[PDB]
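Let me give you the structure first, and then I'll get to my questions.
In this document, chain identifiers A, B, C, D, E, F and G correspond to the written order of the chains, with residue numbering beginning at 1 in each.
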Amino acid sequence: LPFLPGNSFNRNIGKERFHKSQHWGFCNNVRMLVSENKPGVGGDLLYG
Amino acid sequence: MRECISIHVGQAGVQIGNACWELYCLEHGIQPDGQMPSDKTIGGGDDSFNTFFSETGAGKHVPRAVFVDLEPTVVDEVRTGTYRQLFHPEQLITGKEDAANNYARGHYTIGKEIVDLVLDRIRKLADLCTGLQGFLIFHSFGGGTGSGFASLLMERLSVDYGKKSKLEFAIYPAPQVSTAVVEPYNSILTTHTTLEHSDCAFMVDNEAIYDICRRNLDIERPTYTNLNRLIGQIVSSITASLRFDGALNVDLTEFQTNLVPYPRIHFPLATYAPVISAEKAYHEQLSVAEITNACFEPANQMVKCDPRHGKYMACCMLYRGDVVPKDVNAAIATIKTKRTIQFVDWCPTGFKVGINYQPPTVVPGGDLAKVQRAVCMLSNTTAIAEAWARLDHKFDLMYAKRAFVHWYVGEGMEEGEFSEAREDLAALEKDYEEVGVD
Amino acid sequence: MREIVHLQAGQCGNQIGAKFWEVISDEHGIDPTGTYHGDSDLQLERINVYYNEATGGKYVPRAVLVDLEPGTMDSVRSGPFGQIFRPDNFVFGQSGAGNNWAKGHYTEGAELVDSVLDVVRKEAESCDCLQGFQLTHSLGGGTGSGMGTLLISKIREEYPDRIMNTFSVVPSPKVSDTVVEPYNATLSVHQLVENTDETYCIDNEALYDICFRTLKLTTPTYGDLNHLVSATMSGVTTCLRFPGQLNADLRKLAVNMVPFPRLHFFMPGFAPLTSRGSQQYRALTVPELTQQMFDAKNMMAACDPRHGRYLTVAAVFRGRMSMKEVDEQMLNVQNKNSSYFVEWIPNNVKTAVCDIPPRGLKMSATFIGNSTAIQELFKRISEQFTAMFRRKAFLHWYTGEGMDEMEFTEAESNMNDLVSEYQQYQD
Amino acid sequence: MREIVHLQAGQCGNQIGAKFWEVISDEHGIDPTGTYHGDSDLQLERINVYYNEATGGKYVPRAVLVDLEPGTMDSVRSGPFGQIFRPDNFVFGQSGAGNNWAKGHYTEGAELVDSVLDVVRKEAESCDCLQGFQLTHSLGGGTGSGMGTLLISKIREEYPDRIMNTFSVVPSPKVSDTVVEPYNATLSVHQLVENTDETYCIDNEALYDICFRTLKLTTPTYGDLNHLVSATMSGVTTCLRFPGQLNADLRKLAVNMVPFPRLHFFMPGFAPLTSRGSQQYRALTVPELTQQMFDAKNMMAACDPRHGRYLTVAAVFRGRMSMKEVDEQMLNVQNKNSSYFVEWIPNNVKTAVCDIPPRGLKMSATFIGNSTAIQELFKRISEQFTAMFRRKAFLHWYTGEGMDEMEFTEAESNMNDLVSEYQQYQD
Amino acid sequence: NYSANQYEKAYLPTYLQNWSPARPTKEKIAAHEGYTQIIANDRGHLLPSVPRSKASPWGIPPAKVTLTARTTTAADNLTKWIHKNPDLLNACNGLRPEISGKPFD
Amino acid sequence: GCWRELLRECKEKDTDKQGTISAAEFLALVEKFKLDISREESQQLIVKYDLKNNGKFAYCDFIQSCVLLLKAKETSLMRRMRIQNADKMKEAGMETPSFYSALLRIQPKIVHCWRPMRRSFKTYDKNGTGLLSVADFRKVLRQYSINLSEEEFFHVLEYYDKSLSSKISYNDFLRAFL
Amino acid sequence: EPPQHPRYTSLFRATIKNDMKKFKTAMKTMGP
């Protein structure tokens, strides 16, 4: 199936881990993204 | 970032705080030692705990709460407990002398020389933190040490820090049960002192906590452990928005701005619908519709109030678990059509929905149910003035015969402060009437 | 050549853009990594309307994300196409909104407008010549109203010669969640009518009804709601990027769409929404398209002008059609629907056809409407203020922010105007 | 081209259209799946009179189903040809009726007439030029009487230019099961005579006797009764779909049928009905066809016109017949009973011959009759109304709905006016 | 507390299973001119001048019947036997039944 | 015509400023058009307006006081009521609608499109803070077809100004007609 | 002063103005 409207079928199966991290932050007195290595929702791997 | 600090004043307010922290470590899998397994979550203190615990390079999750008490008995006991290695020794403030249920004894006699030490703690906690949305004040109006000592500290933290929120949680006095006849004295004393500073004060009553215990949980003989388990779940639910995300995320600032209509009165009531026995959950089914009725069923409110005698202003529901927008919006539409639900006409809208994907879990050796769909119901209605109205005639009779005054005038007060609080209260009821007059 | 730079505002727009931008990339066939897979020359040529070039065949989106809450932007960064979005373009603040219009309009906006203006002008100088700008936010959105009303004002003097497209969603009339949500609306729309030239009005209840009416699938995701509006907003942009004998400029459109200056609010219309069996139970023909295009159910914005009458109508057709079926169906819909339109203007039909079909369906279309159905909207909006400003509920905050009751009074007097304007012109 | 859109009304018509349409599908040779099997050409061109085109050679029926009780449709939908019927065309209500006419005419129809009107005008615009509409319903059928009387009152002003065919079954004279059934009848007929242009009259007791007479199969299914009658409307519609020198238009027929406006009620007549052994004991000859065609036992509608006289007669002949045999047989019957006709008009015979025989038999015919045999019908009910409106039994319900006796007083003399009329012209 | 527009089928007791009609609603308003002044101070305290519903709300024999044909004397009593009960005529979910019937001769 | 006809009723009569219109002959206007004023009220009017500017009835105040003049505020948004107090308090040229007959001319223009002229003022970057340059006020007036003469200008300067140039606030101008 | 040319009614006002309005069955059709 293509990505057409109504064809979006979410992965709604058992999802018990839902932890969130803080990919971005502030530090010192400027603002940036905190250390790149970060798991996602429930420990998700990033892109590559 | 997104973090807050908890305070537990009074030996009544300490054991409930321990249970909350005991609850908190389970959902994070905190070992009692203070360290995780070989799994990697430690660092400079940045993960789900970063809002709750301080697990620095030392590797020990440090709870962001300060326990203050005036008697060494119970406070040392937790220092000899199971998680005491987690806790900071002099964060667990102790005292050597009590206030003897006297508001002013804790407010004047001992409180002066201890708050400065406490003021050292908060600033040394203030420097390390970053986001500091607000505070979690756990106390009790009829506090032998909770009442008086909290009043001074909340004053001092208000004047130096007035740019951030402060969340108050106290056991409401039992309407028909009195373990102390002086408890009303300081209770009105506490209320009048806190009216001009406090942001959001939430009350609870143990009698109804026991009432629900044998109603659906079917325990004729529960314990504080169960009682603290329920309230610890309650504060856990409200902190899920902090600790998780959901379909939409909300913050205490949104709560305060939207819950309180007008100044002074900031006294909402909490309710949690999926309170059911394990077996009753076993062969039955849960969905938004029925839990919405149960949380709106008048006997499920934890305070001795009839909503049919009052009228609604604020209503807030926090759906933690597996829910969808379709049924809930359809469901809440039904209540808007309901006739018994008598909101004040000033607000066509008085509902605040929070959706959280995470199903609440069970605690080992616990008594709760298997919650997939959860909702914590925070609401404010006009049916509350009866409790204060119960207090004043309770208060006025003993004041008329000035019972126990010789203690208070004996150790350094006069009737002026006791005089002022009553018209402060008398203002409340007529204001409560005038606001009830739509 | 002429380009468009986008602004992502408010948390809805964070969800809106994420779905909208993945649609564009997947429509044009760029992989999530960014290495375009050359399959269509026309999309290869007309990528410069919206994207610039990075090294190694990377088509950097010319959109700007602004927010205050990291978790939303952390999530979308972890979303399917956060990698194609720029931390350079990730601008946000160190503050919590409180869903407060005034804080994001006077307090928090002051120290962030400087940087965001730098970001856009850097993007503005990066490109050659813009048509204008399009804006995704909500009118009932707590901070999106706060930022946008500030930004639109600043852009007005900055570039008063461009298109200030605004895309906002009308919150649910029956159910508002936020109780100060109305207050935010009149605060915003007061400046919006002053500053905007185009405004899309969208409501979620119709979206639930349409998912009810044609999606058939009971429980959707809000992303699917984003997914359909992203399709609609893409259709109006297909004109610009795609060939075919259709004139694409929004100014081309707006001058044919706007008879008088105060007309900024418009309703959309879309093409086949199909059910499980009707995919093979539909004879795909322009007449039954034209029927479905003009359906009291097919609308999604506010409600049927069945209450009122029709001022201006413009329909864009995307696929392999011909000038005659649109003409005769226009004649059909003319003879069938003639006097419902205002006798003020006859033949106010505006038709364009995009010969390039979408990827997945062939005979498709989009409709944009300006009829006399917005009265009920700000009529609906009217009462609660007169109800809640009757007793200034939840007002001590805004006075604490430094606001006055007076500012509301011109805002409502401004809308009290537009009620008569919509009334007097049509009635 | 001229086409027809069908209407399913009442739970009786729920059987009919299913049986009515399946015969047509089998007649035209469409499989239950819906893929036409090209075997006869003439059915291939002339299917568009009733059907539209669906993708993959599928012929969508142009009929509209409406009811209240969900169990009926599910059985129909689960029928052998429920698949060919459209979920879009499935319009219905969220209520049970209680078999109450006023509820189905004032209470429940309120929120459904809007929807059904949209569906039909969607179908009406889906087609170019209609001859009119035909309706399957009952006069003694509660929900059908409530719904149909509403729509026939409506479908007149929008389309006062089309054929408003009505197909209604008369309940059993001896017993009506439903006791409020006459109350439903008197209300329905009052509007019916005002609104309709054609009305078929059908009774089940005759069908029961016919089973005893020629079917001889003791225990039939009520579907067989539906299958028997479906042949009757099929034959009158074979005129339109099939070639052959016969003029087919029902208006062409009706003008030859209706001498005066209030003549809406007509009786049918069908051709060879053959018993167990007589299939090869019968020499299929137009004489014995004409003999059996004009038999008082072959009469099936209400009762024997032997009691009265004959106003107008029309027989359509389906098969390989010719100008001659229909002529002298018409001459034979004219000479047979010349006095049984009315001296008002001579040569009241109207003949049409369809050269295309049915699939299953070669020699066939269909007769429609208008005689003076309806007096006994409304005379019979007349005493019932006088007896039961004598002291208003079971009336508190209708006053609860809002009814009052003035509507009964107005309706009754309308029928009484027709009694004098039907009497006066012939007697 | 208003009724919505157009799509007026998605919110009815058809889903509520309501057996006492919720509340009368409408879609209409006279164009309200008015500065919408404030007549409260900090509490919804009406300025003593401005009027309100002055303490009107502050905080079995009745049944749905058609008189139909039951002896008038009994029928006359029933009407009184329905009414004169403001404890079931005024407020608190609505408390008001209906009535019908027709007289005698 | 509570504004137009009553204005036109006086414009039929012709005399000089102070001699507005004879009370006896203003009663001749009463017979020319019967007035909603009660008979007892009718008698005071001929003597409650002859007290100023000769025994001649003062339509100068009367006509405008009834409809044109409203020197107060309202509960119900008299088409704007912006809050403003700049030009009215000083008012060296105190209200004199005979001297200020331009008010009789301009109300027709403002009853037409008061809101666009109400809009027009703030469109000149007024900042919503008060007054706006007089010459800018001059050009806004004529540009919206409100042609006002130099002698009429001199008057409104006396009315909406006391000491020096000033910048005549928008609503402070508006509420005169509004 | 140029007098506006008397608008010549080569039908129009009579027909084509009324012909546009006459072949119109609107105010009716999608639904009330």
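Methods note: contacts are C-beta pairs under 8 Å (C-beta built on N, C-alpha and C of every residue); 3 or more make two chains touch, one makes a residue touch a chain.
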| item | value |
| --- | --- |
| Centrality ranking, top chain (CA atoms only) | C |
| Intercentroid distance (Cα basis), subunit E paired with subunit A, Å | 53 |
| Inter-chain centre distance, subunit C versus subunit G - centres from mean C-alpha coordinates, in Å | 38 |
| Cα-centroid distance, subunit A relative to subunit B, in whole angstrom | 33 |
| Inter-centroid spacing, subunit E versus subunit D (mean Cα positions, whole Å) | 48 |
| Two or more partner chains touched - positions in subunit G | 29-31 |
| Numbers and ranges of subunit A residues touching at least 2 other chains | 20-22, 25-26, 41 |
| Sequence positions of subunit C contacting 2 or more other chains | 70-71, 75, 174, 296, 306, 336, 391, 396, 409, 416 |
| Complete list of chain pairs which touch one another | A-B, A-C, B-C, B-E, C-D, C-E, C-F, C-G, D-E, D-G, E-F |
| In the complex with subunit C, residue positions of subunit G that touch it | 20, 23-27, 29-31 |
| Of subunit C, residues touching subunit D in the complex | 275, 277-278, 280-284, 287-288, 291, 296, 336 |
| Subunit E contact footprint on subunit B (complex, rising order) | 262-263, 308-311, 330, 333-334, 337-340, 345-346, 348, 382, 431, 434-438 |
| Complex contact set, residues of subunit C against subunit F | 406, 409-410, 413, 416-417 |
| Residue ranges of subunit C touching subunit B (in the complex, touch as defined) | 69-72, 75, 96-100, 172, 174-181, 208, 218-220, 222, 384, 387-388, 391, 393-394, 396-397 |
